[PDB]
């Protein structure tokens, strides 16, 4: 079974950055997209964006594009979210989540980005931003 294990919870001052990791084990890595999804306390899931390593490009949600960078290191099968200029509204649990449908197989790849259902989720990482700013 593919599993995603995330780094531990963090508490950050406003204006700082946080970088959360998501190590994938047990499957193909390059061909599958990993998304970051956050959930503020008592609120809903929100997609921040995702990365498809085999295209080398990340897709972002407009709400976060200015502040968030999503990366992936094939050598360690680890995806990362870096969120900058933290504010109180960024206190949330951050999940990574793998897209069930890979982008390339057998020497050919799909044409379009299309984030499909997310079958494998990380355990989440709580990031709490302290007051002010």
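Numbering follows the first chain given and starts at 1.
Look at the mean CA B-factor for 57 to 65 and for 90 to 98 in the entry; the higher one is 57 to 65.
With 24 to 32 and 48 to 56 compared on mean CA B-factor from the PDB entry, the stretch scoring higher is 24 to 32. Per the deposited record, the Cα B-factor of residue 43 falls in the middle third when ranked against the other modelled residues of its chain. For residue 17, the recorded CA temperature factor ranks within the middle third of the chain's modelled residues. Compared with the other modelled residues of the chain, the Cα B-factor recorded for residue 128 ranks in the lowest third.
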